[PDB]
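Below is one structure, written out as structure tokens, with a few remarks after it.
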Amino acid sequence: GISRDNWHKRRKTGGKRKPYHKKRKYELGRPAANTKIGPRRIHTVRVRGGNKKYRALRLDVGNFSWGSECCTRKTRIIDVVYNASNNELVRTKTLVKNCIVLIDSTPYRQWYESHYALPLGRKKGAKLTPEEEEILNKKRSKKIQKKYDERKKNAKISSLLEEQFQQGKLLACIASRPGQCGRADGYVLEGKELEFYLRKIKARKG
Amino acid sequence: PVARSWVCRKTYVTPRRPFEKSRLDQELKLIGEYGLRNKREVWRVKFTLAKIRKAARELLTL
Amino acid sequence: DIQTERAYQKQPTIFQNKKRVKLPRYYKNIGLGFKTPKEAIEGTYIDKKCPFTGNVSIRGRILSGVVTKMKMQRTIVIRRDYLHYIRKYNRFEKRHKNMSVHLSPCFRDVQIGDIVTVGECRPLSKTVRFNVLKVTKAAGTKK
Amino acid sequence: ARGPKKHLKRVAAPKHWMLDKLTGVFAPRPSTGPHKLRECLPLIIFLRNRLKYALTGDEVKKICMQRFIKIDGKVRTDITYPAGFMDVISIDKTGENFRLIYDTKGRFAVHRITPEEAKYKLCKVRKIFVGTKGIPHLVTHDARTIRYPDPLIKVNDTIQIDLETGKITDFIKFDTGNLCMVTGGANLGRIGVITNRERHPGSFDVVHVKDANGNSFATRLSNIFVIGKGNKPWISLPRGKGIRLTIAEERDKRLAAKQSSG
Amino acid sequence: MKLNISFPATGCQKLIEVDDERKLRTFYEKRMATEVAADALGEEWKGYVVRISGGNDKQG
RNA sequence: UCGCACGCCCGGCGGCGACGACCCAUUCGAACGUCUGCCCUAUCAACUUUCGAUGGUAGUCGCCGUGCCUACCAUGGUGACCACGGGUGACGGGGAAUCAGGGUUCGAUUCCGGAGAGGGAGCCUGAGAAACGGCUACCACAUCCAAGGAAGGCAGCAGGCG
RNA sequence: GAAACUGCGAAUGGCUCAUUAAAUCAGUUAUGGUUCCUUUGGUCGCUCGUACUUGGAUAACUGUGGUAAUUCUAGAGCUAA
Ligand SMILES: [Mg+2]
Ligand SMILES: [Mg+2]
Ligand SMILES: [Mg+2]
Ligand SMILES: [Mg+2]
Ligand SMILES: [Mg+2]
Ligand SMILES: [Mg+2]
Ligand SMILES: [Mg+2]
Ligand SMILES: [Mg+2]
Ligand SMILES: [Mg+2]
Ligand SMILES: [Mg+2]
Ligand SMILES: [Mg+2]
Ligand SMILES: [Mg+2]
Ligand SMILES: [Mg+2]
């Protein structure tokens with residue numbers, strides 16, 4: 001099959017290794033997973049030592065950690081926007097390790113408004129008449145209200161993050177290897193790496 | 001893979017100059033004096049004494 | 001200076017984006033009495049394969065060599081030079097093994113001929129298995 | 001080979017078993033167990049060559065499978081079980097207790113033991129591990145994982161294990177002055193006091209050890225097994241007591257003793 | 001063309017040789033595991049539907 | 001889940017085992033790596049490279065490290081200290097013969113390591129195989145036949161032809 | 001207690017030396033860069049949410065076969081882990 005062997009290739013001196021044995025089973029390669037975005041499909045490969053690897057093939061969700069606030073929630077993957085290796089792996093939507101995906105910011109919006117009780121996103125002028133976001137933001141006790149009033153001094157966010165919340169979907173990096181683990185986990189990009197990947201995206205946009 | 005020894009050793013050595021008359025007469029004197037069957041029984045004793053003397057010479061040069 | 005290439009270049013154990021109101025960088029001592037250089041602590045570079053600021057562990061053997069080429073990207077070639085003994089002719093023959101060694105960018109000024117010390121580690125690429133651990137300058141050349 | 005080997009050859013067996021050369025092509029491949037292959041002495045070799053309680057492989061099989069041999073306090077039935085260093089054989093019916101201690105040369109010695117000594121054995125620890133809830137673990141030389149030990153027990157010490165419980169009773173720490181049986185190398189079987197410990201980072205740390213008769217000699221630390229504080233052991237010592245008299249002194253002792261015997 | 005008709009409510013079975021293509025074209029060009037009405041098999045076969053379950057060739 | 005004994009509180013408690021299991025050690029290992037060592041040949045002096053050659057960064061695959069493979073950059077890497085190409089009546093070693101001291105020649109051969117089952121290739125099962133006294137193709141060969149089909153692999157032990 | 005399902009082994013052994021010239025191999029160390037049936041020791045009520053034992057198939061067995069022929073196998077009945 002697909003081989004992973006140094007003996008099929010040249011020396012450091014540019015020589016030619018003639019092989020002394022045929023292809024082995026520990027010298028094994030299997031084809032790529034190429035995990036797209038769709039309703040979840042994971043095949044299971046049994047591997048050397050009888051263990052299991054989980055090829056994702058099309059995959060929709062994954063838990064992302066927004067770690068400056070340390071909130072890690074299961075989130076729906078919207079899109080693949082940037083990949084440091086190959087631009088056609090952006091052009092088709094392929095989930096790989098250390099590619100930039102987009103994820104809907106509704107669970108982090110829920111957490112922020114339930115922890116600090118301040119709105120984020122929220123183009124000002126609208127209030128949700130289902131009334132549950134303002135029953136989350138209002139009407140607490142006088143013992144717990146000082147707790148919220150002391151936590152609301154550490155409740156200012158990066159403006160890059162905040163306009164991503166207002167647009168409704170965040171930039172995030174895949175950390176796991178979804179052809180290996182079967183999951184599409186990772187972390188929300190904030191900071192100088194967020195500004196790095198944003199200027200990369202808009203310079204590619206031209 | 002069979003379970004046996006395959007260990008064997010010659011107990012003599014044939015001399016290099018074959019027809020030296022002094023050596024022939026001396027070996028046949030020893031055969032006649034001590035009733036030996038052939039020249040190999042002279043050569044095997046010369047070989048045992050040669051190995052004893054070779055171990056001797058290496059211990060003395062030690 | 002930093003962020004030359006496609007992906008973001010950061011050290012993987014540091015979390016750099018904790019909420020405020022200079023980054024700390026990860027570095028370690030590699031054992032065997034090797035002093036970590038001041039430019040590794042005071043620097044701003046990143047490296048997967050630096051022994052002082054990266055994900056390698058110096059094990060096994062600790063060899064030496066002379067710098068003979070520095071044309072590559074963040075790796076040099078050292079020329080181990082030794083003798084070899086023939087049992088017939090009680091003499092020697094001068095042999096050599098050129099070998100590629102990953103030179104970390106914390107050693108910022110080195111010119112060819114300097115006697116570096118290298119350490120065995122994880123195989124970093126196809127023909128590279130060592131790291132420059134310390135650099136001793138060639139004789140003279142103090143200016 | 002396409003997998004693990006199952007046969008072991010007669011010539012390729014370890015020399016300290018002292019197998020001969022012309023019985024068969026093979027030697028018993030010892031089963032996997034607590035002791036290494038080249039550092040064990042299997043139960044077939046122990047019952048057949050040493051003790052002469054069995055003549056053939058069928059006889060040692062029927063001895064070991066009418067449930068008489070009790071290794072380390074436990075019934076061990078396969079004849080290729082690796083009986084290793086400091087193990088305790090309990091012959092119940094014939095009423096003996098053996099401790100596989102090394103000899104003044106590289107052998108395992110048949111070493112008869114009283115039951116009150118044979119209800120413990122001594123084990124060098126190999127690892128300190130910490131399991132899932134802060135639970136310390138010793139790993140001895142014979143695969144014993146002993147959870148909750150004494151925190152003063154560190155990685156190159158020895159412990160006196162009670163056999164029917166598996167618990168620690170006491171321990172000797174690797175310091176200069178304590179005894180040592182030497183489990184490996186050219187100095188195998190020697191007994192001395194630890195003179196010196198030389199640290200080599202990365203390399204194998206080397207320990208100098210001095211016996212009773214003023215002979216000092218070095219050994220890598222993996223081959224060293226302390227067996228008591230000071231000169232006083234916590235087990236018995238075999239005949240000769242690990243001295244290694246020279247070949248001239250061995251010649252002189254055998255001719256002296258047998259001309260006194262006549 | 002030999003037939004092996006089995007009635008599994010009593011557990012009985014029987015080989016019937018028949019060589020009438022008028023009796024057999026009602027079986028022909030129909031797949032396995034289907035219930036074909038066996039009324040064209042003889043005088044005695046009326047109301048019998050049989051699931052054809054596949055047999056063996058000319059060559060085994 | 002299975003087998004022996006069979007007791008005790010007033011239906012419930014019970015002892016000794018057998019099997020199986022996620023993980024951690026352990027054992028047998030396997031597997032890639034580090035330094036150094038190979039015979040003849042210059043009528044072989046330059047070879048390797050966008051078809052991976054030498055590095056970098058990010059992935060894919062893998063049991064793992066790794067140009068192993070992919071994408072984008074760098075233009076490197078080896079060589080008179082003999083590469084590269086060829087040859088070998090070349091499996092490597094422990095070792096054998098001959099020997100004053102050096103050497104010279106041999107080692108397919110019972111121990112260890114490697115390779116292979118006619119030649120190549122691909123895989124299933126399994127902890128472990130690219131297994132051939134397992135399978136699928138193709139090439140060469142070749143057996144039975146109702147001519148539609150079926151089956152094979154002695155460099156295993158004997159034995160046969162050449 | 002034949003048979004058959006299940007479990008295990010069949011990757012060991014044995015034969016040969018065609019390939020193979022830093023390749024194999026030898027000494028050497030490394031896995032802090034990995035897998036490992038087995039065997040020995042740990043672990044194995046740590047989890048807060050019909051149990052006096054849950055389900056339906058299948059081989060062996062009976063009974064109709066097919067092919068010229070294979071360690072070929074089909075349709076029907078049953079019956080266990
Ligand atoms: Mg010489
Ligand atoms: Mg040839
Ligand atoms: Mg050949
Ligand atoms: Mg050979
Ligand atoms: Mg030949
Ligand atoms: Mg062999
Ligand atoms: Mg093979
Ligand atoms: Mg042939
Ligand atoms: Mg094959
Ligand atoms: Mg055969
Ligand atoms: Mg075979
Ligand atoms: Mg034979
Ligand atoms: Mg074999």
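Chain labels run A, B, ... following the order of the structure tokens; each chain numbers its residues from 1, and ligands are numbered from 1 in the order shown.
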At a cut-off of 12 Å and counting only C-alpha atoms (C1' of nucleotides) and all ligand atoms, what residues surround ligand 12? Please answer as a PDB file with N, CA, C and O atoms (P, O5', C5', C4', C3', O3' and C1' of nucleotides), in the first residue's frame.
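Below is the file that was written, part_27.pdb:
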```pdb
ATOM      1  N   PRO B   1      20.154 -28.290  12.869  1.00  0.00           N
ATOM      2  CA  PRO B   1      20.265 -28.133  14.315  1.00  0.00           C
ATOM      3  C   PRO B   1      20.208 -29.467  15.002  1.00  0.00           C
ATOM      4  O   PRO B   1      19.147 -29.821  15.475  1.00  0.00           O
ATOM      5  N   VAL B   2      21.302 -30.208  15.042  1.00  0.00           N
ATOM      6  CA  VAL B   2      21.301 -31.499  15.703  1.00  0.00           C
ATOM      7  C   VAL B   2      22.202 -31.422  16.919  1.00  0.00           C
ATOM      8  O   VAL B   2      23.123 -30.605  16.988  1.00  0.00           O
ATOM      9  N   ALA B   3      21.908 -32.261  17.903  1.00  0.00           N
ATOM     10  CA  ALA B   3      22.564 -32.184  19.202  1.00  0.00           C
ATOM     11  C   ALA B   3      23.741 -33.141  19.216  1.00  0.00           C
ATOM     12  O   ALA B   3      23.633 -34.282  19.662  1.00  0.00           O
TER      13      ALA B   3
ATOM     14  N   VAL D  25      18.695 -30.556  21.425  1.00  0.00           N
ATOM     15  CA  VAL D  25      18.968 -29.342  20.673  1.00  0.00           C
ATOM     16  C   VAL D  25      18.501 -28.128  21.450  1.00  0.00           C
ATOM     17  O   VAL D  25      19.104 -27.054  21.364  1.00  0.00           O
TER      18      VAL D  25
ATOM     19  P     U F 110      24.494 -22.467  10.417  1.00  0.00           P
ATOM     20  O5'   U F 110      23.742 -23.089  11.662  1.00  0.00           O
ATOM     21  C5'   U F 110      22.517 -23.783  11.471  1.00  0.00           C
ATOM     22  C4'   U F 110      22.339 -24.885  12.480  1.00  0.00           C
ATOM     23  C3'   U F 110      23.010 -24.645  13.829  1.00  0.00           C
ATOM     24  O3'   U F 110      22.144 -25.048  14.882  1.00  0.00           O
ATOM     25  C1'   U F 110      23.753 -26.698  12.901  1.00  0.00           C
ATOM     26  P     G F 156      11.399 -25.965   1.196  1.00  0.00           P
ATOM     27  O5'   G F 156      11.757 -26.106   2.724  1.00  0.00           O
ATOM     28  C5'   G F 156      12.378 -27.298   3.154  1.00  0.00           C
ATOM     29  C4'   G F 156      11.864 -27.750   4.488  1.00  0.00           C
ATOM     30  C3'   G F 156      12.073 -29.222   4.770  1.00  0.00           C
ATOM     31  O3'   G F 156      13.354 -29.474   5.307  1.00  0.00           O
ATOM     32  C1'   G F 156       9.829 -28.645   5.213  1.00  0.00           C
ATOM     33  P     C F 157      14.284 -30.601   4.663  1.00  0.00           P
ATOM     34  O5'   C F 157      13.574 -31.944   5.101  1.00  0.00           O
ATOM     35  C5'   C F 157      13.437 -32.265   6.472  1.00  0.00           C
ATOM     36  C4'   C F 157      12.940 -33.669   6.629  1.00  0.00           C
ATOM     37  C3'   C F 157      13.534 -34.653   5.643  1.00  0.00           C
ATOM     38  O3'   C F 157      14.770 -35.171   6.087  1.00  0.00           O
ATOM     39  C1'   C F 157      11.182 -34.880   5.686  1.00  0.00           C
ATOM     40  P     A F 158      15.855 -35.672   5.027  1.00  0.00           P
ATOM     41  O5'   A F 158      15.322 -37.098   4.607  1.00  0.00           O
ATOM     42  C5'   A F 158      15.115 -37.410   3.249  1.00  0.00           C
ATOM     43  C4'   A F 158      14.223 -38.605   3.112  1.00  0.00           C
ATOM     44  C3'   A F 158      14.150 -39.189   1.720  1.00  0.00           C
ATOM     45  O3'   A F 158      15.225 -40.066   1.444  1.00  0.00           O
ATOM     46  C1'   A F 158      11.974 -38.868   2.526  1.00  0.00           C
TER      47        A F 158
ATOM     48  P     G G  13      11.707 -19.540  15.386  1.00  0.00           P
ATOM     49  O5'   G G  13      11.656 -21.077  14.998  1.00  0.00           O
ATOM     50  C5'   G G  13      12.006 -22.066  15.947  1.00  0.00           C
ATOM     51  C4'   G G  13      11.459 -23.418  15.580  1.00  0.00           C
ATOM     52  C3'   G G  13      12.156 -24.119  14.444  1.00  0.00           C
ATOM     53  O3'   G G  13      13.380 -24.683  14.851  1.00  0.00           O
ATOM     54  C1'   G G  13       9.830 -24.342  14.185  1.00  0.00           C
ATOM     55  P     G G  14      14.716 -24.319  14.059  1.00  0.00           P
ATOM     56  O5'   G G  14      14.516 -25.050  12.674  1.00  0.00           O
ATOM     57  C5'   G G  14      14.482 -26.460  12.628  1.00  0.00           C
ATOM     58  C4'   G G  14      13.976 -26.946  11.306  1.00  0.00           C
ATOM     59  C3'   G G  14      14.763 -26.495  10.097  1.00  0.00           C
ATOM     60  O3'   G G  14      15.922 -27.276   9.885  1.00  0.00           O
ATOM     61  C1'   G G  14      12.461 -26.207   9.699  1.00  0.00           C
ATOM     62  P     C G  15      17.231 -26.629   9.227  1.00  0.00           P
ATOM     63  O5'   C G  15      16.830 -26.410   7.714  1.00  0.00           O
ATOM     64  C5'   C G  15      16.620 -27.514   6.863  1.00  0.00           C
ATOM     65  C4'   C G  15      16.160 -27.042   5.518  1.00  0.00           C
ATOM     66  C3'   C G  15      17.115 -26.111   4.805  1.00  0.00           C
ATOM     67  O3'   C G  15      18.167 -26.787   4.152  1.00  0.00           O
ATOM     68  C1'   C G  15      14.935 -25.227   4.701  1.00  0.00           C
TER      69        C G  15
END
```
Within 8 Å of ligand 1, which residues show up when you count only C-alpha atoms (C1' of nucleotides) and all ligand atoms? List them as an MDAnalysis selection string, please. (chainID C and resid 86:90) or (chainID F and resid 102:103)
Please identify every polymer residue within 12 Å of ligand 7, using only C-alpha atoms (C1' of nucleotides) and all ligand atoms, and present the set as a list in words. residues 21, 22, 23, 24 and 25 of chain A; 1, 2 and 3 of chain D; 114, 115, 116, 117, 129, 130, 131 and 132 of chain F; 11 of chain G
Go ahead and save the residues from that selection, with C-alpha atoms (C1' of nucleotides), as a PDB file, in the first residue's frame.
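Written file, result_34.pdb:
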```pdb
ATOM      1  CA  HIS A  21      13.228  -6.366   1.811  1.00  0.00           C
ATOM      2  CA  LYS A  22       9.759  -5.881   0.402  1.00  0.00           C
ATOM      3  CA  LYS A  23       7.057  -3.683   1.912  1.00  0.00           C
ATOM      4  CA  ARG A  24       6.290  -4.336   5.565  1.00  0.00           C
ATOM      5  CA  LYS A  25       3.145  -3.898   7.594  1.00  0.00           C
TER       6      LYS A  25
ATOM      7  CA  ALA D   1      10.907 -12.939  12.552  1.00  0.00           C
ATOM      8  CA  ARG D   2       7.179 -12.342  12.137  1.00  0.00           C
ATOM      9  CA  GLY D   3       6.503 -12.367  15.859  1.00  0.00           C
TER      10      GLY D   3
ATOM     11  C1'   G F 114      18.762 -10.510   8.133  1.00  0.00           C
ATOM     12  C1'   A F 115      16.255 -12.023   3.622  1.00  0.00           C
ATOM     13  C1'   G F 116      12.585 -15.418   0.709  1.00  0.00           C
ATOM     14  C1'   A F 117       8.973 -19.211  -0.209  1.00  0.00           C
ATOM     15  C1'   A F 129       2.182 -11.326   8.925  1.00  0.00           C
ATOM     16  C1'   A F 130       2.488  -7.596   3.740  1.00  0.00           C
ATOM     17  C1'   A F 131       1.928 -14.914   6.315  1.00  0.00           C
ATOM     18  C1'   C F 132       2.266 -17.955   0.973  1.00  0.00           C
TER      19        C F 132
ATOM     20  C1'   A G  11       3.637 -15.051  12.902  1.00  0.00           C
TER      21        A G  11
END
```
Which residues are near residue 48 in chain C? Cut-off 10 Å, only C-alpha atoms (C1' of nucleotides), ignore same chain within fewer than 3 positions. Put them as a PyMOL selection string. chain C and resi 9-12+51-56+104+124
Range 184-189 of chain A environment, 9 Å, only C-alpha atoms (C1' of nucleotides), sequence neighbours closer than 3 positions dropped, as a VMD selection string: chain A and resid 56 59 to 67 72 74 77 95 to 98 100 103 161 170 to 178 181 192 to 195 197
Check every residue of chain F for an atom within 8 Å of chain C, counting only C-alpha atoms (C1' of nucleotides), and provide those that qualify as a PyMOL selection string. chain F and resi 33-34+55-58+65-67+74+76+81+102-103
Spatial neighbours of residue 21 in chain E, 12 Å, only C-alpha atoms (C1' of nucleotides), chain gap at least 6 places, as a ChimeraX atom specification: /E:1,27-28,40-41
Tell me which protein, DNA and RNA residues are within 9 Å of residue 75 in chain G, counting only C-alpha atoms (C1' of nucleotides), leaving out same-chain ones fewer than 3 positions away, and put them as an MDAnalysis selection string. (chainID E and resid 4:6 53:55) or (chainID G and resid 64:65)
Would you give me, as JSON, numbers by chain, the residues of chain E that come within 12 Å of chain F, using only C-alpha atoms (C1' of nucleotides)? {"E": [57, 58, 59, 60]}
List the neighbours of residue 99 in chain D out to 10 Å using only C-alpha atoms (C1' of nucleotides); skip same-chain residues closer than 6 positions along the sequence, and give me the result as a list in words. residues 71, 72, 83, 84, 85, 86, 87, 88, 89, 90, 108, 109, 110, 111, 112, 113, 117, 118, 121, 235, 236 and 238 of chain D
Could you give me the residues within chain B that DSSP places in helix (DSSP H, G or I), as number ranges by chain? B: 21-34, 40-61
Take the residues from that selection and write them out as a CSV table (one decimal), in the first residue's frame, keeping N, CA and C atoms.
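The result, written out as out-v1.csv:
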```csv
chain,number,residue,atom,x,y,z
B,21,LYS,N,67.2,-38.7,5.9
B,21,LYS,CA,67.6,-40.1,6.3
B,21,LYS,C,67.9,-40.1,7.8
B,22,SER,N,68.5,-39.0,8.4
B,22,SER,CA,68.7,-38.9,9.8
B,22,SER,C,67.4,-39.1,10.6
B,23,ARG,N,66.4,-38.4,10.1
B,23,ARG,CA,65.1,-38.4,10.8
B,23,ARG,C,64.4,-39.8,10.6
B,24,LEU,N,64.6,-40.4,9.4
B,24,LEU,CA,64.0,-41.7,9.2
B,24,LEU,C,64.7,-42.8,10.1
B,25,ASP,N,66.0,-42.7,10.2
B,25,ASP,CA,66.7,-43.6,11.1
B,25,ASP,C,66.4,-43.4,12.5
B,26,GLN,N,66.2,-42.2,13.0
B,26,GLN,CA,65.9,-41.9,14.4
B,26,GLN,C,64.5,-42.4,14.7
B,27,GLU,N,63.5,-42.1,13.9
B,27,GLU,CA,62.2,-42.6,14.1
B,27,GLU,C,62.1,-44.1,14.1
B,28,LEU,N,62.9,-44.7,13.2
B,28,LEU,CA,62.8,-46.2,13.2
B,28,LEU,C,63.6,-46.8,14.3
B,29,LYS,N,64.6,-46.1,14.9
B,29,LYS,CA,65.2,-46.5,16.1
B,29,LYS,C,64.2,-46.5,17.3
B,30,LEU,N,63.4,-45.5,17.3
B,30,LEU,CA,62.4,-45.4,18.4
B,30,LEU,C,61.3,-46.5,18.3
B,31,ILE,N,60.9,-46.8,17.0
B,31,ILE,CA,60.0,-47.9,16.8
B,31,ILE,C,60.6,-49.2,17.2
B,32,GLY,N,61.9,-49.4,16.9
B,32,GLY,CA,62.5,-50.6,17.3
B,32,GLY,C,62.8,-50.8,18.7
B,33,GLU,N,63.1,-49.7,19.4
B,33,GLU,CA,63.4,-49.7,20.8
B,33,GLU,C,62.1,-49.9,21.7
B,34,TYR,N,61.0,-49.3,21.3
B,34,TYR,CA,59.8,-49.3,22.1
B,34,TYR,C,58.7,-50.0,21.4
B,40,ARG,N,53.2,-42.9,12.9
B,40,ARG,CA,52.3,-42.0,13.5
B,40,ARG,C,52.4,-42.1,15.0
B,41,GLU,N,52.8,-43.2,15.6
B,41,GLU,CA,52.9,-43.2,17.0
B,41,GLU,C,54.2,-42.6,17.5
B,42,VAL,N,55.2,-42.4,16.6
B,42,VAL,CA,56.3,-41.5,16.9
B,42,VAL,C,55.9,-40.0,16.8
B,43,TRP,N,55.1,-39.7,15.8
B,43,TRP,CA,54.7,-38.4,15.5
B,43,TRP,C,53.7,-37.8,16.5
B,44,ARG,N,52.9,-38.7,17.1
B,44,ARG,CA,51.9,-38.2,18.0
B,44,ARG,C,52.6,-37.8,19.3
B,45,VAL,N,53.7,-38.5,19.7
B,45,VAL,CA,54.4,-38.2,20.9
B,45,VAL,C,55.2,-36.9,20.7
B,46,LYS,N,55.8,-36.8,19.6
B,46,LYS,CA,56.5,-35.6,19.2
B,46,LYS,C,55.5,-34.4,19.2
B,47,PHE,N,54.3,-34.6,18.8
B,47,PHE,CA,53.3,-33.5,18.8
B,47,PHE,C,52.8,-33.2,20.2
B,48,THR,N,52.6,-34.2,21.1
B,48,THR,CA,52.3,-33.8,22.5
B,48,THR,C,53.4,-33.1,23.2
B,49,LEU,N,54.6,-33.5,23.0
B,49,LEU,CA,55.7,-32.8,23.5
B,49,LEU,C,55.9,-31.4,22.9
B,50,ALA,N,55.5,-31.2,21.6
B,50,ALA,CA,55.6,-29.9,21.0
B,50,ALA,C,54.5,-29.0,21.6
B,51,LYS,N,53.4,-29.5,21.9
B,51,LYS,CA,52.4,-28.6,22.6
B,51,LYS,C,52.7,-28.3,24.0
B,52,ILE,N,53.3,-29.3,24.7
B,52,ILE,CA,53.8,-29.0,26.1
B,52,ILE,C,54.9,-28.0,26.1
B,53,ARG,N,55.8,-28.1,25.1
B,53,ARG,CA,56.9,-27.1,25.0
B,53,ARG,C,56.4,-25.8,24.5
B,54,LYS,N,55.3,-25.7,23.7
B,54,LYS,CA,54.8,-24.4,23.3
B,54,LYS,C,54.1,-23.7,24.4
B,55,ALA,N,53.4,-24.4,25.2
B,55,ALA,CA,52.8,-23.8,26.4
B,55,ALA,C,53.9,-23.4,27.4
B,56,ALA,N,55.0,-24.2,27.5
B,56,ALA,CA,56.1,-23.9,28.3
B,56,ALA,C,56.8,-22.6,27.8
B,57,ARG,N,57.0,-22.5,26.5
B,57,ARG,CA,57.8,-21.3,26.0
B,57,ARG,C,57.0,-20.0,26.1
B,58,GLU,N,55.6,-20.1,26.0
B,58,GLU,CA,54.8,-18.9,26.2
B,58,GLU,C,54.7,-18.5,27.7
B,59,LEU,N,54.7,-19.5,28.6
B,59,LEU,CA,54.8,-19.2,30.0
B,59,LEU,C,56.1,-18.6,30.5
B,60,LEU,N,57.2,-19.1,29.9
B,60,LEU,CA,58.5,-18.6,30.2
B,60,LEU,C,58.8,-17.2,29.6
B,61,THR,N,58.2,-16.9,28.4
B,61,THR,CA,58.3,-15.6,27.9
B,61,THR,C,57.3,-14.6,28.6
```
Step one, run DSSP on the backbone; step two, keep only residues of chain E assigned to strand (DSSP E); then write them as a PyMOL selection string. chain E and resi 2-7+12-17+34-37+49-52
Could you jot down the CA of residue 44 in chain A to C1' of residue 59 in chain F separation for me, Å, one decimal place?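 Answer for the CA of residue 44 in chain A to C1' of residue 59 in chain F separation: 21.3 Å.
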